[PDB]
Amino acid sequence: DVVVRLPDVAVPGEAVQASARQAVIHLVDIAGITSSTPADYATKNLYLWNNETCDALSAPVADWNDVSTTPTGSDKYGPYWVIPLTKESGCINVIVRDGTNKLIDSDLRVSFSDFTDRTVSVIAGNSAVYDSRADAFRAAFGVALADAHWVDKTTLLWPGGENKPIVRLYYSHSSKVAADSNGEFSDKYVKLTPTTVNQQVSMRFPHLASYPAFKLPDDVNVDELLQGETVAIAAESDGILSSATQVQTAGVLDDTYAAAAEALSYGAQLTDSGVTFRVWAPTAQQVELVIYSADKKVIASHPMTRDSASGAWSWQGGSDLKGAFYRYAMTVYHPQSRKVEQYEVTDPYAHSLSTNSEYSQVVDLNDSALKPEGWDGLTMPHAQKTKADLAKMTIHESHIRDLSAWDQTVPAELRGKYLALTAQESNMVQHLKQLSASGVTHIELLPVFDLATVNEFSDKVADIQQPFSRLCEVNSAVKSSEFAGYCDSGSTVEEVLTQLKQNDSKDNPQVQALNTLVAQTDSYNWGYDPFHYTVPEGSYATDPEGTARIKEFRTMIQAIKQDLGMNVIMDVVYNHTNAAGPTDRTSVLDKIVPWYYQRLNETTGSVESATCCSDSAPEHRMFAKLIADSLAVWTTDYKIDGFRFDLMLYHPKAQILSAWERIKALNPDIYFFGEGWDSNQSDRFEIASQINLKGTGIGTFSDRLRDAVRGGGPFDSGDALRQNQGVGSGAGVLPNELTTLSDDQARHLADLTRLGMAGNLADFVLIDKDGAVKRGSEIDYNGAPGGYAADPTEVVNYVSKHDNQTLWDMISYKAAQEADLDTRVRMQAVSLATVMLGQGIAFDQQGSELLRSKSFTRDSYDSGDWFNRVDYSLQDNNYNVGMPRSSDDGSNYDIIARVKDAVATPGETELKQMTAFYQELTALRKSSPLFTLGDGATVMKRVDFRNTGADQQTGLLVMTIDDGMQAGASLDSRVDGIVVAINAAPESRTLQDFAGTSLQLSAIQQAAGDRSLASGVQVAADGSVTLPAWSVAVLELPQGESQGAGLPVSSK
Ligand SMILES: OC[C@H]1O[C@@H]2O[C@H]3[C@H](O)[C@@H](O)[C@@H](O[C@H]4[C@H](O)[C@@H](O)[C@@H](O[C@H]5[C@H](O)[C@@H](O)[C@@H](O[C@H]6[C@H](O)[C@@H](O)[C@@H](O[C@H]7[C@H](O)[C@@H](O)[C@@H](O[C@H]8[C@H](O)[C@@H](O)[C@@H](O[C@H]1[C@H](O)[C@H]2O)O[C@@H]8CO)O[C@@H]7CO)O[C@@H]6CO)O[C@@H]5CO)O[C@@H]4CO)O[C@@H]3CO
Ligand SMILES: OC[C@H]1O[C@@H]2O[C@H]3[C@H](O)[C@@H](O)[C@@H](O[C@H]4[C@H](O)[C@@H](O)[C@@H](O[C@H]5[C@H](O)[C@@H](O)[C@@H](O[C@H]6[C@H](O)[C@@H](O)[C@@H](O[C@H]7[C@H](O)[C@@H](O)[C@@H](O[C@H]8[C@H](O)[C@@H](O)[C@@H](O[C@H]1[C@H](O)[C@H]2O)O[C@@H]8CO)O[C@@H]7CO)O[C@@H]6CO)O[C@@H]5CO)O[C@@H]4CO)O[C@@H]3CO
Ligand SMILES: [Ca+2]
Ligand SMILES: [Ca+2]
Ligand SMILES: [Ca+2]
Ligand SMILES: [Ca+2]
Ligand SMILES: [Ca+2]
């Protein structure tokens, strides 16, 4: 065998160092360093020019056809250029050429800031700027990137060796595959001969199927190569190295181990004989189980037993280890650092944690000590068995602090805690009970798994209800801040933020300024930042040290189900981890099985960040299993009625469906839904998207009705926030001063809205804005088909959610100056009526019934108690409490200043009216099975619309729900049909579509009287209906002694 080796030449030094007003660029001639011919550099030249970005050149020649900037000199390693400078700071613009052809196809930007001696090297066909020729030389003849992919036992996908004579999988157990002192690569290796990709490999990694394939001997000891660094290497016939790169091994790891590893259970497990510990770590050299005392002293250390089939490590000990703290002491190679790392890691399958998740803890979740009294018989107060069960779901999306941080009627020690939901006499709980009785059915909880971004050591935390001096004790940036004078003040941070409201403006955004520092060290975060997937969050417990949070969490769940009467949904975030690599405190999965649980760039091997953070890999089998095992615990041990998957579109459809069947085997009524946008991962697998989930029963948030009713889209800014009026804010019927919405555009929004009120089915047939027959899927939504679902239970409609501006803030951006406060309250209820009276699952943000505002904050995840406040004492809606944070809403301060003060801020009278409006809407939703048909074909045969086509009265939404014989049986004994009429318009309107029938106003609305959304509706003797401006009316035909003719859908 030929010995792979470096170039038979030295590692180059610097040819010349720049002097004052000079810079030097070396071109390192890799190919001519392979000598042969003493190559000629006469045609090499640099194109140099100044612009607004880089302007440090003294005599730049702008003529692109000028090729006279030839090398100042050259040696065996390549030419160099001495470039005069006007200054020694900043940067210069360089293109490196041969004649007029670029040898680097990229404008090079050489910064004197990053390169202090202004003496840099570059290589042809590469855009990187190196500080020395040795650096660039070692780049070319050393390990770089990670584009080889060991994807099963016998196959290695790599481009860097396609049609090269020598191609090779080297491996070193304990050091980094560096050439030895004889410039030779003398480490052990396996031999690869070109081959043809499996049909099962391409079906597994389709984003790689165009990679050049290679074969491994049918007898390689994969167990041994995967114990250390592997480096795929190639070179030419002489043996001079061509390239060398690191290997990604998740493919082979799954081929080798996953079948065996999936049969095992993981974490610290109480058996009848004792406790069994098991962690999956197929590449680890050693795993030691470290037992800790309650004071976190090592009291035992146990080398674990490796199972060579699964790559899992196990140890068994006594039952007295229940309650013990533990970590896994790992000895494992990490490709990012290229070191065999040694560190202790918490259990990825942890079910109990110490304060701030520093240690995992052995726990038996079944202990009656961890259960509220009665736990084992806690039942689901709302059925989820049938589709008509599911369609009835009416979700109230809430956050632990948003619920109780501000409520003085919650005991002080329960504020911002799980146990605030047990404070039966608080304003918050009494108000939620009111919502439940009126037809809100589900609480959805923003992250209550163990998040990373709140410090659970209370001494390191300052909240705005505490003295400003506590804020200075714990946030050392405050002393350096223009708020430092307040450290002495003796007043709370809350008091200071209030006092700062007076002089706050788009010119002096001071409330936001103080709050940005507050955000760093407070108790507040949405929490989309997973530390441990299957432990409750610690900071929401009264005591975060140990098992306390488990009983407190379950006590909350029981209170919601048993005292409030609602089902509970959990937000789960399996699409990313909080950190990765061998360094960061919150890297758990990537410390134990490096590069397996994260999704990597196929070339750099860098962990991807398209989700926000550290993208995870649910396409890999053991993460798929981790997700499924985790959900099993939340389902069985915490009695969670359903799960909302954050960025579900980043998961394979097959993985979500797999997880769902696993969980349905535990509880058949469990409900799955999520964000099914476009992840850009369709090249790797069929993503779990709105489109691909058609018919599966997996729900998705529909952005269709959302944007039609709100106006615009979530990326609007500046004037577009006001110009883009929605149906709810008077598009085309009550225009504001800036908008140019046409009647056609407004009628298109009404199409989307009607479509969504019928469940946003792909196959639902309606009359569109132009009078034309269209299928649900034929209504455009930003180019995509609008309707996309098979059943309404697959669609979650909403007009407000934790992310993006509240509904009230959108209405304030968009409402014409002439809409007075009462009209804006009706715009809110009218907007919500499209959701509450539609066939899709109904979803809403906590506080929409209180006109909730965030002071125009569009992304409030870290904006603290101040901007996320919800006042259950009903004094205001949190509007106009300061300019929102400039980092995300600064480019909106202008439009905000123009619209902010058009009308008064909602006070107690408006909040009570909105709450009555909202309860009236939810009571209507559950008043009849007709609103919640469940089945897509049943919707199609019973749901129609009047006031359609090109001469529709703009903004008037009229839906009919048939309960007469030309659709089927009478689902409702009381009525033969229902008419839903939403008149989102400043004019009163009259309906003649129902003249002659016995139409009459629903009893709920008649009982609300002057407070009804239908106050002032008139039904004439002949059956014509007059609708007030900005109203919602639900009309019925009373049922006769047999099922009548009702409101037959017309066949279009
Ligand atoms: O004013 C137009 C322009 O303004 C800005 O560009 C400035 C830029 O930021 C400065 O750095 C500098 O530009 C220098 C540039 O950075 C260097 O790369 C170099 O340019 C050379 C190219 O590298 C080289 O490849 C070749 O370019 C040829 C192209 O390969 C070829 O495709 C064709 O170009 C035509 C394009 O096909 C066509 O798209 C159109 O170009 C328009 C741009 O698409 C459009 O973005 C805009 O450009 C802005 C730009 O956004 C700002 O950043 O308008 C363009 C003009 O219509 O038409 C092209 C030809 O008409 O042909 C070229 C020429 O052979 O050679 C060039 C040689 O210049 O040097 C640049 C100059 O030092 O300055 C500009 C401002 O002047
Ligand atoms: O990842 C960065 C991003 O994260 C957060 O955004 C989240 C957002 O809050 C959620 O609503 C959701 O977004 C999904 C959305 O709900 C769905 O409807 C759909 O989005 C479609 C739109 O409905 C549709 O309008 C169209 O989008 C077009 C825009 O209308 C148009 O303006 C333009 O967008 C450009 C922006 O103008 C420009 O500012 C820039 O956008 C960047 C933002 O400035 C920056 O804040 C950040 O966005 C964050 C965001 O703040 C978080 O809240 O990065 C943005 C770039 O990614 O550039 C835009 C051009 O890309 O053009 C688009 C069409 O190209 O189609 C979209 C796409 O289907 O799906 C959305 C999923 O992405 O979730 C996201 C992610 O968590
Ligand atoms: Ca240098
Ligand atoms: Ca935590
Ligand atoms: Ca915070
Ligand atoms: Ca990709
Ligand atoms: Ca009936």
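Residues numbered from 1 in each chain as written, not as in the entry; some residues may be left out. Chains lettered and ligands numbered in written order. Heavy atoms only, no water.

Structure determination for this PDB entry was carried out by X-ray crystallography, with a resolution of 2.320 Å recorded in the header.

Before going further, it helps to spend a moment on the overall build of the protein chain. Across its full length, the protein chain carries 26 helices and 49 strands. On C-alpha atoms alone, the protein chain measures out to a radius of gyration of 33 Å, which is about the 31 Å that the 2.2 N^0.38 rule sets for 1052 residues. Its C-alpha atoms give the protein chain principal-axis dimensions of roughly 105 × 80 × 70 Å. Burial status across the protein chain gives 61% buried among its 1052 residues. Residue pairs in contact within the protein chain that sit at least 24 positions apart in sequence constitute 73% of those at least 6 positions apart. For the protein chain, the accessible surface area stands at approximately 37,700 Å², while carbon and sulfur atoms represent 46% of it. (Helix = DSSP H or I, 4+ residues; strand = E, 2+ residues; numbered from the N terminus. Rg over C-alpha atoms; globule rule 2.2 N^0.38 Å. Buried < 20%, exposed > 50% of the residue type's maximum accessible area, 1.4 Å probe, protein only. Contact = heavy atoms within 4.5 Å. Areas by Shrake-Rupley, 256 points an atom, 1.4 Å probe, with all protein chains shown as cover.)

Turning to the state of the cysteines, a few remarks are in order. Inspection of the entire model under this criterion finds 3 disulfides. Here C472 pairs with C487 through a disulfide, and the sulfurs are 2.1 Å apart. One disulfide, between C472 and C487, carries an S-S torsion of -100° and so falls in the left-handed class. With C472 in helix α9 (residues 468-474) and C487 in the loop between α9 and α10 (493-499), the pair connects residues that are 15 residues apart, well separated along the chain. The class of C487 is partly exposed, set by a relative accessible area of 22%. With a sulfur-sulfur separation of 2.1 Å, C612 is cross-linked through a disulfide to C613. Judged by the sign of its S-S torsion, about -105°, the cystine formed by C612 and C613 is left-handed. Residue class for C613 comes out partly exposed when judged on its relative accessible area of 24%. With its bonded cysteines labelled in order along the sequence, the protein chain shows the pairing 1-2, 3-4, 5-6. (Disulfide = S-S within 2.5 Å.)

As a further point, take the environment of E495. Along the chain, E495 falls in helix α10. Along the backbone, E495 and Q466 are 29 residues apart, and their C-alpha atoms lie at a distance of 9.5 Å.

Moving on, we come to the packing of helix α16 (residues 703-710) against helix α18 (residues 743-757). Each packed pair of helices is defined by two parameters, the angle between the axes and the distance between the axes. Packing of α16 against α18 leaves a shortest axis separation of 8 Å and a crossing angle of 135°. On the basis of their axis angle, the class for α16 and α18 is oblique. When you trace α16 past α18, the crossing you get is left-handed. Between α16, through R704, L705, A708 and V709, and α18, the contact on the second element is made entirely by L749, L752, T753, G756 and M757. Here the contact of α16 with α18 is composed, by residue class, of 6 nonpolar, 2 polar and 1 charged. (Axes fitted to C-alpha atoms, helices over the stretch in contact; angles between N-to-C directions. Parallel < 35°, antiparallel > 145°, perpendicular 65-115°, else oblique. Left-handed = near helix turned anticlockwise from the far one by under 90°. Nonpolar A, V, L, I, M, F, W, Y, C, P; charged D, E, K, R; others polar.)

So, about helix α12 (residues 548-564). Its 17 residues place the ends of α12 23 Å apart at the C-alpha level, agreeing with the 24 Å of an ideal helix rising 1.5 Å per residue. With 13 of 17 residues buried, α12 is to be regarded as a mostly interior element. (Expected span 1.5 Å × (residues − 1).)

Another point: the coordination of the calcium ion (ligand 7). Ligation of the calcium ion (ligand 7) by protein atoms is provided by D963 (OD), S970 (OG), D972 (O), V975 (O), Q1039 (OE1) and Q1039 (NE2), these donors lying 2.2 to 3.0 Å from the ion. Between the 6 donor atoms coordinating the calcium ion (ligand 7), the angles at the centre fall across 48 to 164°, so the site counts as irregular. Considered as a linear motif, the donors of the calcium ion (ligand 7) on their single chain read D-x6-S-x1-D-x2-V-x63-Q. Looking at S970, the relative accessible area reads 26%, which means it is partly exposed. (Donors = N, O, S within 2.8 Å, 3.2 Å for Na, K, Ca; no water. Tetrahedral: all angles 85-135°; square planar, octahedral: opposite > 155°, others 65-115°.)

Okay, the site of ligand 1 next. Taken together, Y47, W49, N51, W64, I95, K102 and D107 make up the full set of residues adjacent to ligand 1. The separation between an oxygen atom of ligand 1 and a polar side-chain atom of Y47 is 2.7 Å. Contact distances for ligand 1 include 2.9 Å between an oxygen atom and a side-chain N or O atom of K102. Across the complex, the protein chains shield 23% of the 1,100 Å² of accessible surface that ligand 1 would expose by itself. Looking at side-chain class alone, the shell around ligand 1 contains 4 nonpolar, 1 polar and 2 charged residues. (Near = heavy atom within 4 Å. Polar contact = N/O pair within 3.5 Å; in protein donor to acceptor, adjacent residues only side chain to side chain.)

Our next topic: the sheet that holds strand β3 (residues 73-75). Sheet strands associate in pairs through backbone hydrogen bonding, adopting either a parallel or an antiparallel arrangement. Across the sheet, 4 strands lie side by side as β3-β4-β1-β8; this open sheet has mixed pairing. In the strand order of this sheet, the two ends are held by β3 and β8 (119-122), each with one partner. This sheet shows a mean twist of 25° between the axes of neighbouring strands, independent of strand direction. Bridge count between β3 and strand β4 (residues 78-84): 3 bridges; the pairing is antiparallel. Bridge pairing in β4 places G73 opposite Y80. (Pairing = 2+ DSSP bridges.)

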